[PDB]
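Chemist: Can you read through this structure? Questions will come right after.
Where a number appears in this text, it was derived from the coordinates with a stated rule and is not lab data. In this analysis, Cβ positions are derived from the backbone assuming ideal geometry, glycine residues included, and neighbour counts consider all displayed protein chains.
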């Protein structure tokens, strides 16, 4: 029942989100409408799987924003924005908003990129919910993938090293969330956790892929 | 006296307007008397303005 | 806090029959309002207390609004619905007033909502127990304008009465049209005439249920808000009257001052009055000026208040009637949708 | 008729001078000219007559006032600054007239404030004195107070807990933040034997009014910022980055004219699965940064 009720809500609003997301200036608008959206994903409830599905649905809708953004940053900074967005009330909405700002910063920049990246990670020591952090980190993983601290993505002030560390952090983390996942949620949900755990492992392997 | 006459003009205005309101809150008002009382109201309204002036 | 006042009116301790018996409601204020003492209080008010109270709000707020009361039994019986209307009427009255910081500030009301003993004992306890043309113009403008609304509101009211009356038949008729058709449908037994005819019977019952429901859906929503306005218009008629009293005091002060001044001068230019007795009259001439100055000044601020109440009044009106129309829309579509769903059911037979 | 006379006050720097906004009751925002301590206040009083009559008066003056208003009561108003300039002697007015004024190097010791039980405001008051009823015109002003970086700004660092149940070390990067500054911090978990649903960081504003046992405290919660979703274990570090620019705070005001205080607190709240709530409050000084 649950998933769909949400999904209905998602379809209307993601459309409104997108109309804003599309447009620079209303980029700002996109963010308010979006501020209302992530809360669903803030819901504490859903199946991993159901949530996962939402994760694509909003995420992908958001991917239109990321491309938009990657045009938006080349068409102007709007300083300190990265910080500025993090007044966004709560944590997944907010963070994603920084992250998006991060992605913009990468797109123009290179030198301060590293410093930021590191911040984010740090704040990423913060999601000790396996899932919210995972999807986030995943989302994220895609967001920085093009912008990793070395050459392939681009070649930041620093290089491979910074990057290596980063993924590793992720890796470890990735192990953490997942393993923690095993024990995450209610005690008697061990098999649910196993099907579901297999799903999100896959996600992990892309990183590994990034590494190759 | 000029003051007395104005004030009479004003009192006259209020009488005629109050009559109009009463015809109105019968709920059916013949259109004959609605125009006639209103017209007189308007002449009173000038009388007031001129008198003040 | 002021609008953030939370009110449940429940518990219909409807004192059983007397033919006039008075429902006593919990009034639970759960209130984060800092205009209400208790974060929760429940009082158990009876109709009479509220009506008065409502009036009290009327009384403490000089032009400064007082929306419609708890619901009238002046058409009400004692019906759950009626009492609900009352409950609602209050809820509403209360609701709004709470989201008006001022009416929400009536102390009786704080004590009322936040103490059960009724308005009454609270009410003892609380009292510890411009140019001539310009004012006259504001009075006549207002008189024509708000006489125009009242006539319109009175016309909408006799429409509401007819519209409720004339749902009783076809609806009441079709309730027997259904039985008349159904009857002859025991006489046909041949499957594809019996079957349709019983569906057609059913159709008349459908028309009956929807047509009648619509007195209650739409007409009644409007009759409540129309009634609320006429009372509110009545109440600001009182605020006006208060301004006429102030106008009366102020000219009274002025005719009394002109006299006092006159006595003074004639005594002076008698030229046979000692400076002792002059000083007694003179002082009193100067106290009369203060009587003119204080009486005029409050008369000006009363008119600032009357303006303010007007601008307020209008503002409320726009929002109220929009909700009025929206509640009608939802209903009008739901009535018609139910018939569409019914029409398909018997198209399919 | 109307008024026989209307008074307007025009400053000499009215075009170039900056203006500032104030939040007042029910979301209203006023905008007034902006000043600081030591600035001169100068301009013109413009008298527009409206009738072809005559105005007999017993003097015309302009005053610069700074005052503190308590509990919405006129009898509790205290002027902490009053300066007078007499503009005209007793006389008549028959036509429009303008008068210059200059208040030299005006002391303005406090920042303007509009609160719950307290107002602090500055204004110019023109008075035309008459036999029974004065003609009075006020003209409101915002005053800010400025402060350079503090000599000492220590980090706030502490270990706190519920014994044998929850032990945490929290750290905030400064004790003193400017109005557009950032709370950078961390929460570190030493012992966790409770099931934590979420953790939030709150900025609480306290207005303190009165003297001695006559103390009224009004409390308002200006942010609720979630910093953790879910249950950590020991050795877990949660980063805090809270931007103050999103909440439009007033500075910290301490014992202003010995009548009121406005103070800001960071309140860290943890909520368990059964809705139990564990907290620690810490004062932070907010200040208005001088622009360079």
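Chemist: Give me the Å³ per residue figure for the convex hull around the C-alpha atoms of the protein assembly as shown.
Modeler: Numbers: hull volume 274.0 nm³, N = 906.
Per-residue hull volume (Cα only) is 302 Å³.
Chemist: Hey, another quick one. What list do you get for A:39, D:145 if you sort them by fewest beta carbons within 10 Å?
Modeler: Values: A:39 13, D:145 16.
Ranked by crowding around the Cβ, least crowded first: A:39, D:145.
Chemist: Here is a further query. Over chain A, consider all pairs of different Cα atoms and compute the Kirkwood hydrodynamic radius from their mean reciprocal separation; express it in Å, one decimal.
Modeler: On the way: mean 1/r = 0.0565 Å⁻¹.
That comes to 17.7 Å for chain A.
Chemist: Now, a different point. Sort D:16, C:317 by Cβ crowding within 10 Å, fewest neighbours at the top. Don't jump to the answer; show the numbers that get you there.
Modeler: Values: D:16 7, C:317 14.
Sorted ascending by nearby Cβ count, the order is D:16, C:317.
Chemist: Tell me whether the range A:1-50 comes out rounded, prolate or oblate; compute the Cα gyration tensor, take square roots of the eigenvalues as a ≥ b ≥ c, and use a/c under 1.5 as the rounded threshold.
Modeler: Numbers: a/c = 3.46, a/b = 2.21, b/c = 1.57.
Because a/c hits 1.5 or more and a/b exceeds b/c, the range A:1-50 counts as prolate.
Chemist: Right, here's the next one. Could you sort the peptides C:265-273, C:204-212 by per-residue average Cβ neighbour count (10 Å cutoff), highest mean leading? Don't jump to the answer; show the numbers that get you there.
Modeler: On the way: C:265-273: 10.6, C:204-212: 19.0.
The most tightly packed comes first, giving C:204-212, C:265-273.
Chemist: Based only on the alpha carbon positions, what is the Kirkwood hydrodynamic radius of the range C:138-185, in angstrom?
Modeler: Working: mean 1/r = 0.0712 Å⁻¹.
Hydrodynamic radius (Kirkwood, Cα pairs) of the range C:138-185 is 14.0 Å.
Chemist: Over 24 Å, how big is the tail of the calculated P(r) for the range D:139-284, in percent of all Cα pairs? Numbers along the way, then the final one.
Modeler: Working: 4331 of 10585 pairs.
In whole percent, the long-distance tail amounts to 41.
Chemist: For a quick check, take a GNM of chain A with Cα springs below 10 Å and name the residue from A:79, A:15, A:57 with the largest mean-square fluctuation.
Modeler: Looking only at A:79, A:15, A:57, the biggest GNM fluctuation is shown by A:79.
Chemist: Would you please classify the overall shape of the range C:116-217 from the alpha carbon gyration tensor, given that a ≥ b ≥ c denote the square roots of the eigenvalues, rounded means a/c under 1.5, and beyond that prolate means a/b larger than b/c while oblate covers the rest?
Modeler: Since a/c reaches 1.5 but b/c is at least a/b, the shape of the range C:116-217 is classed as oblate.
Chemist: Rank the residues D:228, D:158 as a footprinting-exposure proxy: fewest other Cβ atoms within 10 Å of their Cβ go first.
Modeler: Working: D:228 24, D:158 11.
Neighbour counts put them in this order, fewest first: D:158, D:228.
Chemist: Need one number: % antiparallel among DSSP beta bridges in the protein assembly as shown, to the nearest 5. All intermediate terms of the calculation are to be shown ahead of the outcome.
Modeler: Working: 123 of 128 bridges.
Within the protein assembly as shown, antiparallel bridges account for around 95 percent of the total.
Chemist: Something else now. Helix-only mean residue ellipticity at 222 nm, chain C, DSSP H runs n ≥ 4 weighted -39,500 (n - 2.57), per residue, nearest 500. What is it? Let's see the in-between values first.
Modeler: Details: 9 runs with 242 residues, N = 349.
It comes out at -25000 deg cm²/dmol, rounded to the nearest 500.
Chemist: Give the distance, in whole Å, between the Cα centre of the range C:85-130 and the Cα centre of the range D:94-162.
Modeler: 38
Chemist: What is the distance in Å between the Cα centres of the range C:177-248 and the range C:258-331?
Modeler: 50
Chemist: When chain D is treated as a GNM, springs tying every alpha-carbon pair under 10 Å, which of D:234, D:224, D:263 comes out with the largest mean-square fluctuation?
Modeler: Looking only at D:234, D:224, D:263, the largest GNM fluctuation is found for D:234.
Chemist: Tell me the Rg and the Dmax, in Å, that the Cα atoms of chain D produce.
Modeler: Calculated on Cα positions, Rg and Dmax stand at 25.7, 86 Å.
Chemist: When you look at the Cβ of every residue in D:219-231, what mean number of other chain Cβ atoms sits within 10 Å? Mind showing how you got there, number by number?
Modeler: On the way: counts 0, 0, 0, 0, 2, 2, 7, 7, 4, 5, 12, 12, 5.
That works out to 4 on average.
Chemist: A further question on this structure: How many angstrom lie between the Cα centre of the range A:157-201 and the Cα centre of the range A:31-74?
Modeler: So the separation of the two Cα centres works out to 20 Å.
Chemist: Average partner chain C-beta neighbours within 10 Å, per residue of D:256-264? Could you put the intermediate results ahead of the total?
Modeler: On the way: counts 0, 0, 0, 0, 0, 0, 0, 0, 0.
Mean shielding count: 0.
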